[PDB]
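First up is the structure itself, then whatever we jot down about it.
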Amino acid sequence: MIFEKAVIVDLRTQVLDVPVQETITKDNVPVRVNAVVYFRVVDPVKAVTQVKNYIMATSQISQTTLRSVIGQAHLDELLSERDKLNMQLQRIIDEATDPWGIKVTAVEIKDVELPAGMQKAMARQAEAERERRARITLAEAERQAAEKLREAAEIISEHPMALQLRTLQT
Amino acid sequence: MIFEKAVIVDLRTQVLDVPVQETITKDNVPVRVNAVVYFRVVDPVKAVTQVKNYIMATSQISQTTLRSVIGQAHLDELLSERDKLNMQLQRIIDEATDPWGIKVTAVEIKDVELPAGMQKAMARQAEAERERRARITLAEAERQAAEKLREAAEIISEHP
Amino acid sequence: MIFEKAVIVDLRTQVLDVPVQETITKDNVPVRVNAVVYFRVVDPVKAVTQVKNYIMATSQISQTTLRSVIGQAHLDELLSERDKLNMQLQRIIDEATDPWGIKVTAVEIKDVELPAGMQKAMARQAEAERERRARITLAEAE
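Protein chains in written order, with our numbering: chain A, 46 to 215; chain B, 5 to 164; chain C, 36 to 177.
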């Protein structure tokens, strides 16, 4: 005959790969990004009944969302707030998916790829601003310490006794 | 030099795809079914020694066991009680296995292929039944909310 | 547009395969061995910046260290006290790796090749010894 995979209730998590996309961050940087969907057919009748091929349907919304999301996202959110991204991804994608009887469990972004050379520059320049921050922030702490210090030196001079009554309950 | 993988004690679980068996359910439905065997070599001497190739031999008892177990099971069992199957599979296999010094830890049926079209048939029928049922309950629920509201109504009429 | 894989603070463990090393054991047995390196990136900036390619470079010192640890080990350790060698490797390698921002969590020896037929011999003879200590314990009891 002709055989076909049975759509039965899932016991262990099924895993689907979302194909690479090219799209631009909000931010303005072109990127290629792919990711992984973890799901479990919870109601096979809906999965068979409500979409033609739920595997491909899920594959679709997955791309649409991953595209969309990156659209409204700063380069930095892809490189640095995965946890929040994937969570954002699970949320939208699980929801979309329930008409079809699929529970989406997690959706973690797999690899992110950027224009070549870019991350070297981005590495160098962040190394540079990490320092330039250390400078200013410190130079600041000090300018202020200097102020409060000069301020206590005035009070101590004008009020010789001010350090006494405080020393007198030790 | 010519070398060979050595049969060591397994620190982690090895995995082994069981080749598809196609066969008839008790039920009488034609079926393509395959499984993953999880295992660990536990006595490497036994394993190198009692069986020419232990990976091969595990593949075949697994194959044969699965074929038998499927022939015993009713279609619905494969679809809805996979877990029970899965478990006897592990029992029967791990045993068969023991002479060769292997621990089979789990054995999990992977994909069951039905003859095509059969499943759409069942789903659509399934959907139609829930669709019927829901029409009834809706009316029974409406009707009764009506009456509880009707008897809500006397109480406030005859007694303000 | 030609792209590259962004280094990021890994959330879930990465997995490197150490290519095969053919070498002799301390025992003098010739042997093909290999290993998996489990690791997370912890400081991208370290990793992009300190070293031309963090992968090639972890793979290299992973080879070198695998090579050495073997030469220092007795065949039977290789097959029988893998754990010890495993940890050994973890320690050396994680270390090497910090200049680059990488936490190496485990290194595990995967497949081990001996010359064709040698285990088939070690196996026969080691079973002989069990047919020995099993009868020197059934004429001693009764």
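Even for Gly, the Cβ is constructed at its ideal location relative to N, Cα and C.
Query, Result
"With a threshold of 7 angstroms between beta-carbons, can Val76(C) be considered close to chain F, or not?", "The question asks about chain F, but that chain is absent: this structure's protein chains are A, B and C."
"Sort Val64(C), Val80(C), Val66(C) and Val139(C) by Cα distance to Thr93(C) and report the nearest one.", "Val139(C)"
"Report, in whole angstroms, the separation of the C-beta atoms of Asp45(C) and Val76(C), which I expect to be a contact under 8 angstroms.", "4 angstroms"
"Using the rule of at least 16 other Cβ atoms within 10 Å of the residue's Cβ for burial, across every protein chain shown, is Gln64(B) buried or exposed?", "exposed"
"Would you verify that the beta carbon of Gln164(A) is, or is not, closer than 7 angstroms to some beta carbon of chain C?", "yes"
"For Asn131(A), I'd like the list of residues in its chain whose CB is within less than 7 angstroms of its CB, leaving aside the five on either flank, ordered along the chain.", "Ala151, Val152, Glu153 and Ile154"
"Listed in chain order, which residues of the segment 46-71 of chain C have Cβ atoms closer than 9 angstroms to some Cβ of chain B?", "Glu57, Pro65, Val66 and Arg67"
"Hey, out of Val64(C), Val71(C), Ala41(C) and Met36(C), whose CA is closest to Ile128(C)'s CA?", "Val71(C)"
"Counting only beta-carbon atoms, is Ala151(C) nearer than 7 angstroms to chain B?", "yes"
"For the alpha helix (DSSP H) that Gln66(A) lies in, which residues bound it at each end?", "Where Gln66(A) is concerned, there is no enclosing alpha helix (DSSP H), although the beta strand (DSSP E) it sits in stretches over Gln59 to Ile69."
"Where DSSP assigns a beta bridge to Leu159(A), which residues make up the other side?", "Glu39(C)"
"So, with DSSP's three-state summary, where would you put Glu176(A)?", "helix"
"Pull up the CB-CB distance for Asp115(B) and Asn38(B), whole angstroms please, since I reckon it's below 8 angstroms.", "6 angstroms"
"On a CA-only basis, which of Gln148(B), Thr101(B), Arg134(B) and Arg139(B) is nearest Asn57(B)? Give me that one, please.", "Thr101(B)"
"When burial is assigned at 16 or more other CB atoms within 10 Å of the CB, is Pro134(C) buried or exposed?", "exposed"
"Run the CB neighbour count on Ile115(A), radius 10 Å, all protein chains shown included, and call it buried at 16 or more, exposed below.", "buried"
"Under 7 angstroms, Cβ to Cβ, is there at least one residue of chain B near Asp146(C)?", "yes"
"Which residues in chain B sit within 7 angstroms of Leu114(C), going by Cβ to Cβ distance?", "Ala10 and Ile12"
"Whose CA, out of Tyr83(A), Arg77(A), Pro160(A) and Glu203(A), lies closest to the CA of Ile100(A)?", "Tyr83(A)"
"Consider the Cβ of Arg127(A): report whether some Cβ of chain C lies at a distance smaller than 7 angstroms.", "yes"
"Between the beta-carbon of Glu57(C) and the beta-carbon of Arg47(C), is there less than 7 angstroms?", "no"
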